[PDB]
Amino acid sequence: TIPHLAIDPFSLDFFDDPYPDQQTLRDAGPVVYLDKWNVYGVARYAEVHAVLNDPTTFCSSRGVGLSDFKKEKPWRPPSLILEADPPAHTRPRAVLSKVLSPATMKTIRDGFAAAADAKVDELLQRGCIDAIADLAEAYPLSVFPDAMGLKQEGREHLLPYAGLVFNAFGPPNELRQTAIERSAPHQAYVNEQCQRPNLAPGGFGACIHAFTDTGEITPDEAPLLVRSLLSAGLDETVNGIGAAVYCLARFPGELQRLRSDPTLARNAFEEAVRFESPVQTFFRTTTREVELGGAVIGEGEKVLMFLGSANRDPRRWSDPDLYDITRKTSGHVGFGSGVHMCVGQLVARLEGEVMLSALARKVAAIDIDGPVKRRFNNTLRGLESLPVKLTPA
């Protein structure tokens, strides 16, 4: 009843061009079985959405990577939020929600916007730049470590650690094993910065610690919760901004619409998140036997959700392969859905909005002018190098 496929969704060949294989995964059936890794897969929008919104059956506390925490040891102590189910999930989630709240966005918006404007003006003086290293990476590194309240020393470990986190959700292939091997210096840096004295008062990390006074988290929970914000947030946002720049270069009509109404910047970034889905995949583990789209899945089984495929499923989206900055993007699963839906989504949207606003107001054209290179990661989709020439408005 369940079709078995040999597609490896963690192979370099798949990362290089995943979209034909994603259609094969969708059209095979609502539920497939991937023989390469012995997991179930759901690639259509309806089942991916249903699984995300059924946390008592499709749980997160046994890991959201391939590894089942009931069978194997986690490579680092489990996240208190990502790798937890309700009710244990609830109070750490509430703390991060308040630390990254709408009210908090007011305190950082002016500096985040000012840094984006300044970066675009700096890049316009150079003309020919790498939109990853010099923009998609440089901009988040210029605002987010400061807003966390990190010291200057050691920040060279931040991008390597985020790459490791997302490679470690994958299967035990070369990308994962290379990342975890000799990763101790990255872990040691990150764990040290999670201690209260190393976090600047007023920043995100210090505010997490301040919530230990309230009873929502204990002081011994706060370092692991800070760790969540040094794990998530950097690489996915880098990849989303780089994909937006790529899209505005490949779809010049959409850059022109954005230039004509810069208030479309926020939705232009949301559409980039749907289009690219920087987080391609996550797993759940079944807590009981369950029927899903006619498929009977046993207990204790890993279920792979193709978020990127769900965001391109023609059963749900018109012209899913087009970048459309006025698309009604509500309902996309690029940030997840349900109790775990990205608690950092307002920070992500702020960074993406203000960068795309700066481009909309200052740049007349974005032309690819060098070899484009893909960045390979077991969980993240994104570019390594994007040489462009920026023409000033």
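Residue numbers here begin at 1 and follow the sequence given.
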Handout entry: Mean temperature factor over C-alpha atoms, higher-scoring stretch between 344-352 and 49-57
Key = 49-57
Exercise for the section: Taking the mean of the C-alpha B-factors per stretch from the entry, tell me the winner out of 287-295 and 197-205. Expected result: 287-295
Handout entry: Largest Cα B-factor, entry values, listed residues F112, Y323, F211, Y246
Key = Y246
Practice task
By the entry's C-alpha temperature factors, tell me which of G215, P140, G149, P86 sits highest.
Solution key: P86
Practice task
Pull the Cα B-factor of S260 out of the PDB entry and bin it into the chain's lowest, middle or highest third.
Solution key: middle
Handout entry: Chain-wide C-alpha B factor ranking for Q22, given as lowest, middle or highest third
Key = middle
Practice task
Consider only the C-alpha atoms of the modelled residues in this chain, order them by B-factor as the entry records it, and name the third containing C128: lowest, middle or highest.
Solution key: highest
Fill in the blank from the handout: Assert third(CA B-factor, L82) within chain per record equals lowest
Exercise for the section: Select lowest, middle or highest to describe the third in which the CA B-factor of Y33 falls within its chain in this entry. Expected result: highest
